[PDB]
Structures are given as structure tokens and as C-alpha cells.
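The structure appears below as C-alpha cells.
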Amino acid sequence: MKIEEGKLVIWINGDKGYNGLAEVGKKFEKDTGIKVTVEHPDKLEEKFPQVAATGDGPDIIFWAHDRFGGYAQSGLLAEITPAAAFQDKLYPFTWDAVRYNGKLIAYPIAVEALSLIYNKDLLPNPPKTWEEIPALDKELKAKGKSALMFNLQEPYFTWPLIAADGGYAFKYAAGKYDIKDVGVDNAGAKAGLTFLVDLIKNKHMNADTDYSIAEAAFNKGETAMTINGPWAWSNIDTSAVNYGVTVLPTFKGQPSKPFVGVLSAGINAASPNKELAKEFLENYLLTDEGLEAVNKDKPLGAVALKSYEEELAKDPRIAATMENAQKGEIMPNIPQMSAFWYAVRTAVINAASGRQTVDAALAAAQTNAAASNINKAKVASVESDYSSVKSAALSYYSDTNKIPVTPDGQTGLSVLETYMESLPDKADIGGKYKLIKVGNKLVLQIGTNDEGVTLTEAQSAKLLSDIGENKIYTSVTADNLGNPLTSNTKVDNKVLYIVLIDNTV
Ligand SMILES: OC[C@H]1O[C@H](O[C@H]2[C@H](O)[C@@H](O)[C@@H](O[C@H]3[C@H](O)[C@@H](O)[C@@H](O[C@H]4[C@H](O)[C@@H](O)[C@@H](O)O[C@@H]4CO)O[C@@H]3CO)O[C@@H]2CO)[C@H](O)[C@@H](O)[C@@H]1O
């Protein structure tokens, strides 16, 4: 005989101190008999909302606090309600990061802020300004080195520059974020992104530079500077680089403003062991010993627990972290933050690769950042249309034994006129409706080559949840369905296909 439900499963990102965390888990097991399994899946922050209640979902999820309001709004998180004496153990600033609509929705663990990390031998006096970096690169490259490499792919890393001269996410005033006032396309954001795009165009960094490339370059002494958070310090310690951690460079005289993240731990609403999860987080992790185990594996940054932060505060890398944090902004935790990040990610990549101007990239990002809720309405509409057409097609085929197809040389859904209350023309996600045969399937084509659908990451996820798998495709042959839509995929002005009838014998 054996038991089940005698284990806590924890998810935490791959760049954090998960082995240190597993040590805390071992102590918890020793006291309670409850096994603790730490995992670090890829894309855990995207995975969690689509498997939270399945039993493949974790009991505890770790991420920066910016992700948790969306989780909370979807009802995925247990409310956390620590006693007053426990709340007193942690900085009030950090509790603010995990408060959403008046309720605490996670435990705060540590304050993270990006810093400028520099090779003290190569560069004793790091630049105080972004503007002097092109020339510094020139000089260093005369010596077989580069000035600066950092992850250009994630907007977390480029945002400090974009925000420096005035860029912002959602307008904030008196405790509230205005989800229809977005600042990614103002003069400041433009100037910031233009500067980065020019750094690339003037050969001061490659547009494909990512995390592992930047890390490798700095830790092997090939570049004089990188931009990274506290988790990164471990690997540089083991390297031969003598490094400093310092203020980010200014842009147009203004400090760089990184988005400040609080590593946080949420408890799954569906967990059968919510109180044991609270015990683990409050009385095992959030102790000097618990945080030290994690911190010695990968540094946490400035921790939320006062007693242990007071020990860490003497470290100049921690003072630098707090300096950059105070010059930046705390991330909003609101549900719309995901939309913002996805929008800005695409804008920087498209601007950097020359696909769009800075203006068009940011113009589109501004719209996208503010579109999460309307995008839900657009998906709901297409689902309505699809349902109607599917029902009508099946009723038609039931009556006639014939498959309803849009005739040659025409378009639209006129063949189903008789079977529908109203004739759909174009989808709310864009694209004209058409009925086509693909092999022995009836397929609803939405859009044409020149004029297709547009879907965000979130819309595609929603579309798939509701319509199901093996229905939605981004390509067809003339005999088969091709590339299926995945919860991942972005779609940008492309044709979409949804199966209406699987088989005509
Ligand atoms: O399809 C594109 C990519 O989509 C997925 O990444 C998304 C995330 O799901 C979003 O949540 C968001 O990510 C933010 C993140 O929420 C925010 O905390 C911050 O992340 C920091 C983190 O705080 C820090 O501790 C450390 O881990 O580094 C992170 C940054 O690397 O900033 C992120 C934004 O850069 O937006 C991204 C899309 O950019 C998916 O994970 C990707 O694999 C996928 O390519």
C-alpha cells in the first residue's frame, strides 16, 4: 500500500537557485514527512495557467510578481493571509508588490533589479552614460574586446533604456493603473529604442545577442560590460573575471529605469495541501537559513525578510541592486502586464531587425499593450461565427448529403444562407470567410493571403481552449491540413483554417 497527496510540487525558473530550494524542501520533509519536489520547467509561467487544476500543476509557483494578478483574476491562486507578526517580518514595499485588488496573492521573497556589471580590469571606470558607449566600443575593439553585451531578446533587459527618457507601461495615479493609457510610443520611448537600434546598426552589438551569448562573452572576458540581475553573479564568481556591480548608464541625462521584480511564491487554488504550502513558505523558506540556502545557490537580490536582508545589506552588489531599483519602477502585477510584455518584445525585435521603423514598431506595441480585453471579445465573436457556420454546414449536409462549398469564382458563405440567421462576412479577428474542401474535409477559411487574421499569444490560447485540438491550422495543402495553431503562436495578417467537417464518405 502507498499514499498519494503527500508531496508538494514546486515550480521555479531555471535561472534561480532551485538546488538551494530543494535543500529547504529536504528539511521540510524531515520535519513533516511531506516530500518536496522542485522543478524548473521551460515556459513555466505560460504553462501554469493552462494546467493549474490538472494535477500536473505545481502546489507552489515562483515567478516575479508581475505575472500573479492575471493568475489571481483567473481564480488560480489561494488567497494568502499571514498573521500580523509574520507580515512584520517582511518589508512593506515587498508586500505591496503581491497585493492585488486589496488581497495578498503571493509571498514576496526578494527584490530584483538589473544592474550594469563590468569587468574592473578591462574597465576601471565604467561609462556613466549610454551616449558614450559607441565610442567606448570603438576603443575596446581596437584591443580585441567589445564594450557591452546583454540579452536583446527579452524586453526586461532593453526596457530600462526605453523608459529612461519617458517611456512607460500603464499610466499610474493614486494606487491605480490606467490600462488604456500606454506609454510605449511617446517621445521618450522612441528616443530610447532608436538609440538601441542605432547601437546595432553601427555594429556595437549584434541583433541576435541573447542571454547565453552575453553571459558567455562577459564571463570569458570578451566584453567589458553586461546587464543582468543578482541570479547571474554566481557564474561570474566561478569565472576569472573581477567584476563590479553598479548604476546603469543614463540616457539623455536621465537614469535608466529598470522594471523592478519581486520574486514571489503563489499557492495553487487547486492544491490539496494549501496549509502545508503556507508552512513551507512562511516557516522554512522565509527564514535566514532557508533564504541562505537558496541565496548561496543563486543570489536572490535584496531579500524581503528583514533579518536576513540586514546581513546582506553590507554587500555593495546589494546596495547597487537597490540603487537601480529605486531609479526604476515596481512592475505592475495587473492581468494586462502579459500583454504589455509580449507587445514590447515584438516591437524591439522588429525594430532591431529593421523589419519596422522604431515608430511603427512602437505604434503597434502601444495598441497591442492595451488590447488584451478587447482581444477576448474578438475571440468570442469568431467562436460564435464558427459555431453558427459549423452547425449550419452540418445541417446542410444532413439534409442534402452534399458538402456545402463556396462555388468557384465566388466568395462568402452564401451557400449556407438558408441555414443561418445572418450571413457572416469577415471575422472579428480579421479576414473574409470562405468554405473550401481539403481532401475529404470541409474547412472554414478565414482570410486571404493579402488580408488575414491577427492573433496574439493569448487569443490563440483562448481559441484553442474553446474549439479544441486538431481543428485550427495555419496552412493547408490541397489534400491535407498543415501547420496547427498552438497556444504559443502569434499570427500576424495570415490566413487561418478551422475544420468544419472531418470526413465526407
Ligand atoms: O513568445 C515569446 C516568449 O513568451 C514567453 O515569455 C513571456 C512571458 O511569459 C511573460 O510573462 C513576460 O515575461 C516577463 C516576466 O514576466 C518578467 O518577470 C520579467 O522576467 C524576468 C524575471 O523577472 C527575472 O527574474 C529573470 O528571470 O529574467 C526575466 C526576463 O528574462 O521580464 C519578462 C519579459 O522579458 O514576457 C515574455 C515575453 O517577452 C516565453 O517565456 C518565451 O519563451 C517566449 O519566447
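By order in the C-alpha cells, chains are A, B, ...; within a chain, residues start at 1; ligands start at 1, following the order shown.
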Report as a CSV table (one decimal) with N, CA, C and O atoms, in the first residue's frame which protein, DNA and RNA residues come within 6 Å of ligand 1, using only C-alpha atoms and all ligand atoms.
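So out09.csv came out as:
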```csv
chain,number,residue,atom,x,y,z
A,43,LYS,N,9.1,27.7,-19.9
A,43,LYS,CA,7.9,28.4,-20.0
A,43,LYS,C,6.9,28.2,-18.9
A,43,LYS,O,5.7,28.0,-19.2
A,45,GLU,N,5.7,29.9,-16.6
A,45,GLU,CA,4.8,31.0,-16.4
A,45,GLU,C,3.6,31.0,-17.4
A,45,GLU,O,2.5,31.5,-17.2
A,46,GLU,N,3.8,30.4,-18.6
A,46,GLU,CA,2.8,30.1,-19.6
A,46,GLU,C,2.1,28.8,-19.4
A,46,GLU,O,0.9,28.7,-19.6
A,64,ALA,N,8.5,36.3,-10.9
A,64,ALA,CA,8.3,37.8,-10.5
A,64,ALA,C,6.9,38.0,-10.3
A,64,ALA,O,6.0,37.4,-10.9
A,66,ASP,N,4.9,40.3,-11.3
A,66,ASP,CA,4.1,40.8,-12.4
A,66,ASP,C,3.1,39.9,-13.1
A,66,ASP,O,2.2,40.3,-13.7
A,67,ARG,N,3.4,38.6,-12.9
A,67,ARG,CA,2.5,37.5,-13.5
A,67,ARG,C,1.3,37.2,-12.7
A,67,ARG,O,0.4,36.6,-13.2
A,154,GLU,N,14.8,39.7,-24.7
A,154,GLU,CA,13.7,39.9,-23.7
A,154,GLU,C,13.6,41.4,-23.3
A,154,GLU,O,14.6,42.0,-22.9
A,155,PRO,N,12.4,41.9,-23.4
A,155,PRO,CA,12.2,43.3,-23.2
A,155,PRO,C,12.5,43.8,-21.7
A,155,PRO,O,12.8,45.0,-21.5
A,156,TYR,N,12.5,42.8,-20.8
A,156,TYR,CA,13.1,43.1,-19.5
A,156,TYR,C,14.4,43.8,-19.5
A,156,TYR,O,14.7,44.7,-18.7
A,261,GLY,N,11.3,43.7,-10.2
A,261,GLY,CA,10.6,42.5,-10.0
A,261,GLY,C,10.8,42.0,-8.6
A,261,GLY,O,11.9,42.1,-8.0
A,338,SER,N,1.0,40.9,-19.0
A,338,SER,CA,1.4,40.0,-20.0
A,338,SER,C,1.3,40.5,-21.4
A,338,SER,O,2.2,40.4,-22.2
A,341,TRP,N,4.1,43.1,-22.1
A,341,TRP,CA,5.5,42.5,-22.3
A,341,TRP,C,5.6,41.8,-23.6
A,341,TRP,O,6.6,41.9,-24.3
A,342,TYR,N,4.5,41.1,-24.1
A,342,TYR,CA,4.5,40.5,-25.4
A,342,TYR,C,4.6,41.5,-26.5
A,342,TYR,O,5.3,41.3,-27.5
A,345,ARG,N,8.1,43.1,-26.5
A,345,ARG,CA,9.1,42.1,-27.0
A,345,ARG,C,9.1,42.1,-28.5
A,345,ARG,O,10.2,42.2,-29.1
```
Give the strand (DSSP E or B) residues of region 335-467 of chain A, as DSSP finds them on the backbone, and put them as a compact mmCIF listing (two decimals) with N, CA, C and O atoms, in the first residue's frame.
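Output saved as out-v2.txt:
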```txt
# COMPACT_ATOMS: atom_id res chain seq x y z
N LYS A 426 -16.86 38.78 -42.54
CA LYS A 426 -15.48 38.84 -42.11
C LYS A 426 -15.39 38.55 -40.63
O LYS A 426 -16.29 38.89 -39.87
N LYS A 432 -11.89 37.54 -44.47
CA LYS A 432 -13.14 37.10 -45.08
C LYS A 432 -13.36 35.59 -44.99
O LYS A 432 -12.45 34.80 -45.24
N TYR A 433 -14.58 35.19 -44.65
CA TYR A 433 -14.92 33.77 -44.53
C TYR A 433 -15.15 33.09 -45.88
O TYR A 433 -15.78 33.65 -46.77
N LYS A 434 -14.68 31.85 -46.00
CA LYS A 434 -14.84 31.07 -47.22
C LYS A 434 -14.92 29.57 -46.90
O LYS A 434 -14.23 29.08 -46.00
N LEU A 435 -15.74 28.83 -47.64
CA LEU A 435 -15.84 27.38 -47.47
C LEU A 435 -15.06 26.62 -48.54
O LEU A 435 -15.34 26.74 -49.73
N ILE A 436 -14.09 25.82 -48.11
CA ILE A 436 -13.27 25.05 -49.05
C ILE A 436 -13.19 23.58 -48.67
O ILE A 436 -13.35 23.21 -47.50
N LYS A 437 -12.94 22.74 -49.67
CA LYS A 437 -12.66 21.34 -49.42
C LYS A 437 -11.15 21.10 -49.37
O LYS A 437 -10.41 21.55 -50.24
N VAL A 438 -10.71 20.40 -48.33
CA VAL A 438 -9.32 20.00 -48.21
C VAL A 438 -9.30 18.49 -48.03
O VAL A 438 -9.66 17.99 -46.97
N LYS A 441 -12.32 16.80 -46.21
CA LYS A 441 -12.75 17.64 -45.11
C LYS A 441 -13.42 18.90 -45.66
O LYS A 441 -13.07 19.39 -46.74
N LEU A 442 -14.40 19.42 -44.93
CA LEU A 442 -14.89 20.77 -45.16
C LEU A 442 -14.19 21.70 -44.19
O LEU A 442 -14.12 21.43 -42.99
N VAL A 443 -13.68 22.81 -44.71
CA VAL A 443 -12.84 23.71 -43.93
C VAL A 443 -13.35 25.15 -44.04
O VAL A 443 -13.72 25.62 -45.12
N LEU A 444 -13.41 25.85 -42.91
CA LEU A 444 -13.70 27.27 -42.95
C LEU A 444 -12.38 28.05 -43.10
O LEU A 444 -11.54 28.06 -42.20
N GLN A 445 -12.18 28.67 -44.26
CA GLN A 445 -11.02 29.52 -44.45
C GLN A 445 -11.35 30.93 -43.97
O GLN A 445 -12.38 31.48 -44.34
N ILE A 446 -10.49 31.48 -43.12
CA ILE A 446 -10.68 32.85 -42.67
C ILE A 446 -9.53 33.72 -43.19
O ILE A 446 -8.39 33.61 -42.73
N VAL A 453 -6.07 37.00 -40.67
CA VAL A 453 -6.39 37.19 -39.27
C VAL A 453 -5.16 37.72 -38.54
O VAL A 453 -4.04 37.60 -39.03
N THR A 454 -5.39 38.32 -37.37
CA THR A 454 -4.31 38.64 -36.44
C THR A 454 -4.66 38.09 -35.07
O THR A 454 -5.77 38.31 -34.55
N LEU A 455 -3.73 37.35 -34.49
CA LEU A 455 -3.92 36.77 -33.17
C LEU A 455 -2.69 36.98 -32.28
O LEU A 455 -1.56 36.71 -32.68
```
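Compared by their closest atoms to residue 368 (chain A), and using only C-alpha atoms, the residues A:56, A:88, A:181, A:131 rank with A:181 nearest.
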Where does region 127-159 of chain A meet region 221-243 of chain A within 10 Å, residue by residue, with the nearest atom pair and distance in Å to one decimal for each, counting only C-alpha atoms, listed by chain and rising number, as CSV?
```
residue,atom,partner,partner_atom,distance
A:127,CA,A:225,CA,9.8
A:136,CA,A:224,CA,9.9
A:137,CA,A:224,CA,9.1
A:140,CA,A:224,CA,8.2
A:141,CA,A:223,CA,9.5
A:144,CA,A:222,CA,7.8
A:145,CA,A:222,CA,5.3
A:146,CA,A:223,CA,4.6
A:147,CA,A:224,CA,5.0
A:148,CA,A:225,CA,4.5
A:149,CA,A:226,CA,5.1
A:150,CA,A:226,CA,5.2
A:151,CA,A:227,CA,7.8
A:156,CA,A:228,CA,9.8
A:157,CA,A:227,CA,7.2
A:158,CA,A:227,CA,9.4
```
Worksheet item: So which bits of region 377-422 of chain A end up helix (DSSP H, G or I) when you DSSP the backbone, as a ChimeraX atom specification?
Response: /A:377-400,414-419
Just the selected residues (N, CA, C and O atoms), exported as a compact mmCIF listing (two decimals), in the first residue's frame, please.
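Heads up, here's the output in out_6.txt:
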```
# COMPACT_ATOMS: atom_id res chain seq x y z
N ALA A 377 -12.96 39.72 -26.51
CA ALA A 377 -14.24 39.88 -27.21
C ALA A 377 -14.16 39.41 -28.68
O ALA A 377 -15.09 38.78 -29.20
N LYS A 378 -13.05 39.72 -29.34
CA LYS A 378 -12.85 39.34 -30.74
C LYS A 378 -12.82 37.82 -30.90
O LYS A 378 -13.44 37.29 -31.82
N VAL A 379 -12.10 37.13 -30.02
CA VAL A 379 -12.10 35.67 -29.97
C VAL A 379 -13.49 35.07 -29.75
O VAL A 379 -13.90 34.13 -30.45
N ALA A 380 -14.23 35.61 -28.77
CA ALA A 380 -15.60 35.17 -28.51
C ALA A 380 -16.51 35.28 -29.74
O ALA A 380 -17.36 34.41 -29.98
N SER A 381 -16.33 36.35 -30.50
CA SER A 381 -17.08 36.58 -31.73
C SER A 381 -16.78 35.55 -32.80
O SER A 381 -17.69 35.04 -33.43
N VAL A 382 -15.50 35.25 -33.01
CA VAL A 382 -15.11 34.29 -34.04
C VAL A 382 -15.61 32.90 -33.64
O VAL A 382 -16.02 32.12 -34.49
N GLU A 383 -15.61 32.62 -32.34
CA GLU A 383 -16.14 31.36 -31.83
C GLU A 383 -17.64 31.24 -32.09
O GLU A 383 -18.13 30.17 -32.43
N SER A 384 -18.35 32.35 -31.94
CA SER A 384 -19.77 32.39 -32.27
C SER A 384 -19.99 32.11 -33.75
O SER A 384 -20.84 31.29 -34.13
N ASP A 385 -19.21 32.80 -34.58
CA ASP A 385 -19.33 32.67 -36.02
C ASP A 385 -19.04 31.24 -36.43
O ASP A 385 -19.80 30.63 -37.18
N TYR A 386 -17.94 30.70 -35.93
CA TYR A 386 -17.52 29.34 -36.24
C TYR A 386 -18.59 28.33 -35.86
O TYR A 386 -18.92 27.42 -36.64
N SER A 387 -19.13 28.49 -34.66
CA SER A 387 -20.21 27.62 -34.20
C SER A 387 -21.41 27.61 -35.15
O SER A 387 -21.90 26.53 -35.54
N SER A 388 -21.89 28.81 -35.49
CA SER A 388 -23.02 29.01 -36.39
C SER A 388 -22.81 28.36 -37.73
O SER A 388 -23.70 27.70 -38.27
N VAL A 389 -21.63 28.61 -38.31
CA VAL A 389 -21.31 28.08 -39.62
C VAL A 389 -21.15 26.56 -39.56
O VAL A 389 -21.60 25.87 -40.46
N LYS A 390 -20.51 26.06 -38.50
CA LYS A 390 -20.35 24.62 -38.30
C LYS A 390 -21.72 23.92 -38.19
O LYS A 390 -21.97 22.90 -38.86
N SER A 391 -22.61 24.48 -37.38
CA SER A 391 -23.95 23.94 -37.21
C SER A 391 -24.69 23.98 -38.55
O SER A 391 -25.29 22.99 -38.96
N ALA A 392 -24.61 25.12 -39.23
CA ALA A 392 -25.31 25.28 -40.49
C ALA A 392 -24.80 24.31 -41.53
O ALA A 392 -25.59 23.76 -42.29
N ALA A 393 -23.49 24.10 -41.59
CA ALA A 393 -22.89 23.19 -42.57
C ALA A 393 -23.31 21.76 -42.30
O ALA A 393 -23.53 20.98 -43.23
N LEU A 394 -23.38 21.40 -41.03
CA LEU A 394 -23.74 20.05 -40.64
C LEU A 394 -25.23 19.81 -40.90
O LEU A 394 -25.62 18.71 -41.30
N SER A 395 -26.05 20.84 -40.70
CA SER A 395 -27.48 20.73 -41.00
C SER A 395 -27.70 20.60 -42.50
O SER A 395 -28.54 19.82 -42.96
N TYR A 396 -26.92 21.35 -43.27
CA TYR A 396 -26.98 21.30 -44.73
C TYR A 396 -26.63 19.91 -45.24
O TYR A 396 -27.34 19.34 -46.06
N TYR A 397 -25.53 19.37 -44.73
CA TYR A 397 -25.05 18.06 -45.14
C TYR A 397 -26.03 16.96 -44.70
O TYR A 397 -26.25 16.00 -45.44
N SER A 398 -26.61 17.12 -43.52
CA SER A 398 -27.68 16.21 -43.05
C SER A 398 -28.88 16.17 -44.02
O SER A 398 -29.41 15.10 -44.31
N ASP A 399 -29.31 17.34 -44.50
CA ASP A 399 -30.46 17.46 -45.40
C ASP A 399 -30.19 16.93 -46.80
O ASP A 399 -31.01 16.20 -47.38
N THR A 400 -29.05 17.31 -47.36
CA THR A 400 -28.79 17.15 -48.79
C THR A 400 -27.86 16.01 -49.17
O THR A 400 -27.81 15.62 -50.34
N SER A 414 -22.64 32.30 -48.90
CA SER A 414 -23.99 32.30 -49.49
C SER A 414 -24.63 30.92 -49.63
O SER A 414 -25.86 30.81 -49.60
N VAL A 415 -23.83 29.87 -49.80
CA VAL A 415 -24.42 28.53 -49.91
C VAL A 415 -25.16 28.11 -48.65
O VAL A 415 -26.03 27.24 -48.72
N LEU A 416 -24.80 28.70 -47.51
CA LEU A 416 -25.45 28.40 -46.23
C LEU A 416 -26.51 29.43 -45.81
O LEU A 416 -27.04 29.36 -44.70
N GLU A 417 -26.80 30.36 -46.70
CA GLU A 417 -27.78 31.43 -46.48
C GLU A 417 -29.06 30.96 -45.77
O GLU A 417 -29.51 31.55 -44.79
N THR A 418 -29.61 29.88 -46.31
CA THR A 418 -30.83 29.23 -45.88
C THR A 418 -30.74 28.61 -44.46
O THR A 418 -31.75 28.39 -43.80
N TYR A 419 -29.51 28.38 -44.00
CA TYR A 419 -29.28 27.66 -42.75
C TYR A 419 -28.81 28.55 -41.62
O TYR A 419 -28.56 28.07 -40.51
```
Worksheet item: Can you list, as a PyMOL selection string, every protein, DNA or RNA residue that comes within 9 Å of residue 160 (chain A) when you count only C-alpha atoms, leaving out same-chain residues fewer than 2 positions away?
Response: chain A and resi 114+155-158+162-164+192+248+255-259+328
Can you spit out the residues from that selection as an mmCIF file, in the first residue's frame, using C-alpha atoms?
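Saved as again.cif:
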```cif
data_model
loop_
_atom_site.group_PDB
_atom_site.id
_atom_site.type_symbol
_atom_site.label_atom_id
_atom_site.label_comp_id
_atom_site.auth_asym_id
_atom_site.auth_seq_id
_atom_site.Cartn_x
_atom_site.Cartn_y
_atom_site.Cartn_z
ATOM 1 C CA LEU A 114 19.068 44.855 -13.295
ATOM 2 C CA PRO A 155 12.216 43.346 -23.183
ATOM 3 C CA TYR A 156 13.074 43.064 -19.455
ATOM 4 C CA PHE A 157 16.666 43.887 -20.476
ATOM 5 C CA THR A 158 16.031 46.688 -23.006
ATOM 6 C CA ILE A 162 13.364 52.768 -23.357
ATOM 7 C CA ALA A 163 11.903 54.076 -20.106
ATOM 8 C CA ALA A 164 14.909 56.315 -19.309
ATOM 9 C CA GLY A 192 15.402 55.100 -26.205
ATOM 10 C CA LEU A 248 23.032 51.586 -15.124
ATOM 11 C CA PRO A 255 18.654 57.438 -15.141
ATOM 12 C CA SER A 256 17.945 54.095 -16.741
ATOM 13 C CA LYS A 257 14.669 52.834 -15.225
ATOM 14 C CA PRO A 258 14.535 49.052 -14.979
ATOM 15 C CA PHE A 259 11.260 47.339 -14.166
ATOM 16 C CA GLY A 328 13.360 52.184 -11.794
#
```
Discussion item. Using Å and a single decimal, report how far CA of residue 251 (chain A) sits from CA of residue 352 (chain A).
Written reply: 18.3 Å
Worksheet item: Skipping near chain neighbours, those fewer than 5 positions away, what residues fall within 9 Å of residue 465 (chain A) using only C-alpha atoms, listed as a list in words?
Response: residues 50, 460 and 487 of chain A
Go ahead and save the residues from that selection, with N, CA and C atoms, as a short mmCIF file (atom, residue, chain, number, x, y, z; two decimals), in the first residue's frame.
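And here's out-v1.cif as it stands now:
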```cif
data_model
loop_
_atom_site.label_atom_id
_atom_site.label_comp_id
_atom_site.auth_asym_id
_atom_site.auth_seq_id
_atom_site.Cartn_x
_atom_site.Cartn_y
_atom_site.Cartn_z
N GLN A 50 -2.52 27.02 -17.91
CA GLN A 50 -3.26 26.02 -18.68
C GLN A 50 -3.21 24.62 -18.06
N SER A 460 -4.83 33.02 -29.36
CA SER A 460 -4.63 31.66 -29.87
C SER A 460 -4.83 30.61 -28.79
N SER A 487 -0.94 27.04 -28.69
CA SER A 487 -1.20 28.06 -27.66
C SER A 487 -0.11 29.13 -27.64
#
```
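In this comparison, which uses only C-alpha atoms, the residue of A:70, A:124, A:447, A:166 approaching residue 495 (chain A) most closely is A:447.
Proximity to residue 62 (chain A) was assessed for A:175, A:266, A:188, A:33 counting only C-alpha atoms; the smallest distance is recorded for A:266.
For the set A:472, A:22, A:286, A:267, the residue with the smallest atom-to-atom gap to residue 79 (chain A) is A:267, counting only C-alpha atoms.
A straight line drawn from CA of residue 295 (chain A) to CA of residue 337 (chain A) is 27.5 Å long.
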Worksheet item: What lies within 7 Å of residue 193 (chain A) using only C-alpha atoms, ignoring chain neighbours under 4 positions off, as a ChimeraX atom specification?
Response: /A:162,189,197,358
Could you write out the selected residues, including N, CA and C atoms, as a compact mmCIF listing (two decimals), in the first residue's frame?
```
# COMPACT_ATOMS: atom_id res chain seq x y z
N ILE A 162 14.56 52.22 -22.73
CA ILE A 162 13.36 52.77 -23.36
C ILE A 162 12.61 53.68 -22.39
N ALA A 189 10.18 56.90 -25.27
CA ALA A 189 10.32 55.51 -25.69
C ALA A 189 10.98 55.43 -27.07
N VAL A 197 18.56 50.69 -31.45
CA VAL A 197 18.58 50.26 -32.83
C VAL A 197 19.84 50.80 -33.51
N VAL A 358 11.27 52.37 -35.86
CA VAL A 358 11.00 52.46 -34.43
C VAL A 358 9.58 52.94 -34.22
```
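Using only C-alpha atoms, the smallest distance between any of A:55, A:75, A:183, A:430 and residue 452 (chain A) comes from A:430.
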